[PDB]
Amino acid sequence: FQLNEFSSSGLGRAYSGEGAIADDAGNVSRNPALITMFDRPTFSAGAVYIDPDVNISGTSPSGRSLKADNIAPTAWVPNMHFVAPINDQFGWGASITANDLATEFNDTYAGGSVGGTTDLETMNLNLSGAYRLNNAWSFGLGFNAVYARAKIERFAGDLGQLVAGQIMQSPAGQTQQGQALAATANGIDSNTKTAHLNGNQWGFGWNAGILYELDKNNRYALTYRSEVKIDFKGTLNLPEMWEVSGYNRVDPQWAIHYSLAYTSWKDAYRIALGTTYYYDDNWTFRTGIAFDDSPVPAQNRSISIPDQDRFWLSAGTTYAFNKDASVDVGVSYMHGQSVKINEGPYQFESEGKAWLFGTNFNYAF
């Protein structure tokens, strides 16, 4: 379920062309080649607040309800980036990003065997360097260390009630043995833990980027993000990502940025488009729209991992105190597609929306 909230800057533009825009340090975590776009040590840090709304509904064949409101907890995701020129041809940078995936059902939930609670927290420590070959090309390379903390809990919802019913409708449902078996099955508490896993493990990977500048106002990029290991022990895998993006400073006041990304877990593609309006020295305004087509098929979907085609509507602004200090404020509304899930012997209906808010502080030495 990873869609990365690396900056409150991208958040305000719906993360469009994050591989080519370089108005603050955040983007090197997206394309290390962009390191060659900084004249001096630059720093940025902040967090994004995620207020999700994920509801499940339906009814078990046992007759019990499968309704669960607000199964996704609100969360804060922090970010910090630093980029600095090393030489005329070289530069480096590091960043700390994180992805949180939370899903919580009551332990007495009827869909318990696929409900329960799912916690997947990710932390990305990135270290990278970039080399500028000339006036047009730049190449970046980064190494990532990923910290993964996953805790999974599953219960026997009404499963015993299903087996019980199942028994009763078979010829056995007429024996002091048959009925007793179905009674023993039906006698299983719905909050009996049927699965427990919780681990902390590190994964590693590299990412690379190519930058091409037509001039000072137009750039294009291709980035590659490698798949990540993370062999737990209580296996989580982050797919390889490819992305193309471009930015066009069409006017002293207006810029356009956009991108297309590809994830290969199962496929998936993300497309984003946005605009940035540099009003004046102090203010800058941005907007965005994005779409990411779900990676999981139409039957491998689970109510545990909220994930279907999403749409993003964003807005943001940046205030510059002077020329070394600035604050970014970004807001984003995401709305998923109401989808029907068919997991185990159940059939649910999953709809989800979310509101995002972020602030980042920027500084240049």
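Residues numbered from 1 in each chain as written, not as in the entry; some residues may be left out. Heavy atoms only, no water. Residues with missing side-chain atoms left out of burial classes, pairs and counts.

Structure determination for this entry, per the PDB record, employed X-ray crystallography and reached 2.60 Å resolution.

Under the PDB entry, the name given to the protein chain is Long-chain fatty acid transport protein, and the organism recorded is Escherichia coli. Its UniProt record, at the heading Subcellular location, says of the protein chain: "Cell outer membrane". Regarding the protein chain, the UniProt comment filed under Sequence similarities reads as follows: "Belongs to the OmpP1/FadL family." (UniProt positions renumbered as here; feature names shortened; annotations may be inferred.)

Glancing now at the overall build of the protein chain. Summing up its helical and strand segments, the protein chain has 3 helices and 15 strands in all. Considered along the principal axes of its C-alpha atoms, the protein chain spans approximately 85 × 35 × 30 Å. (Helix = DSSP H or I, 4+ residues; strand = E, 2+ residues; numbered from the N terminus.)

Across all of its chains, the model carries 27 aromatic pairs by this definition. Measuring from centroid to centroid gives 6.3 Å for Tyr-220 and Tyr-258, while their planes differ by 40°, and the two rings are tilted. The residue whose ring lies beneath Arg-249 is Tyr-278, and the NZ or CZ to ring-centre distance is 4.5 Å. The ring of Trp-312 has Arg-270 lying over it, and the distance from NZ or CZ to the ring centre is 4.9 Å. (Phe/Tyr/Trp six-rings, centres within 6.5 Å; stacked < 30°, edge-to-face > 60°. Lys NZ or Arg CZ within 6 Å of the ring centre and 35° of its normal.)

If you look at the biggest cluster of nonpolar residues, it comprises 15 residues, and the most contacted ones within it are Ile-56, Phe-105, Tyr-109, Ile-303 and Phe-348. At the level of elements, β1 (42-58) and β14 (339-341) are the ones that each hand at least two residues to this core. Listed in part, the 14 residues of the second largest apolar core include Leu-11, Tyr-15, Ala-98 and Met-334. (Core = buried A, V, L, I, M, F, W, Y, C linked by side-chain atoms within 4.5 Å. Buried < 20%, exposed > 50% of the residue type's maximum accessible area, 1.4 Å probe, protein only.)

Taken as a whole, helix α3 (residues 178-186) has its buried residues at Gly-178, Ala-182 and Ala-185. End-on, the buried residues of α3 take up no more than an arc of 55°, which puts them together on one face. (Arc of directions from axis to C-beta.)

The next subject is helix α2 (residues 159-168). Side chains that are three or four residues apart share a direction in an α-helix, a result of its 3.6 residues per turn. Listed as buried for α2 are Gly-160, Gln-161, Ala-164 and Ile-167. Along α2, the residues classed as buried sweep out an arc of 120° about the axis, all on the same side. Residues of α2 that are buried make contact with α3. (Contact = heavy atoms within 4.5 Å.)

Moving on, we get to the pattern of salt bridges. Counted under the stated rule, the structure contains 9 salt bridges. The partner of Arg-13 in a salt bridge is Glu-18, with the nearest N and O atoms 2.4 Å apart. The same class applies to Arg-13 and to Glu-18, which are both buried. Here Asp-53 makes a salt bridge to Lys-353, at a shortest N to O gap of 3.7 Å. Exposure remark for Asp-53: the relative accessible area of 24% places this residue in the partly exposed category. Ionic contacts of the salt-bridge type, sharing partners, join the residues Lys-151, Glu-153 and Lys-193 into one network. (Salt bridge = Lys/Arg side-chain N within 4 Å of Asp/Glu carboxyl O.)

Along the chain, the position of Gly-274 falls in strand β10 (residues 269-277). Sequence separation of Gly-274 and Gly-288 is 14 residues, and the distance between their C-alpha atoms is 4.1 Å. Each residue touching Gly-274, except ones within four places of it in the same chain, is listed here: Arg-13, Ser-16, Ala-255, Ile-256, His-257, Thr-287 and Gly-288.

On to the pairing of strand β3 (residues 90-104), then. With 6 bridges joining them, strand β2 (residues 75-85) and β3 adopt antiparallel strand pairing. The residue bridging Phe-82 from the neighbouring strand is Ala-94, located in β3. Connecting β2 to the next strand, β3, in antiparallel fashion are 4 residues. Pairing between β3 and strand β4 (residues 117-132): 15 bridges, direction antiparallel. What sits directly across from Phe-90, in β4, is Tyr-131. (Pairing = 2+ DSSP bridges.)

At a minimum axis separation of 7 Å, α2 and α3 run at an interaxial angle of 165°. Between α2 and α3, the crossing angle belongs to the class labelled roughly antiparallel. As α2 packs across α3, the resulting crossing turns out to be left-handed. Contacts between α2 and α3 involve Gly-160, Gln-161, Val-163, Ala-164, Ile-167 and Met-168 on the former and, on the latter, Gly-178, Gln-179, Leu-181, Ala-182, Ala-185 and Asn-186. (Axes fitted to C-alpha atoms, helices over the stretch in contact; angles between N-to-C directions. Parallel < 35°, antiparallel > 145°, perpendicular 65-115°, else oblique. Left-handed = near helix turned anticlockwise from the far one by under 90°.)

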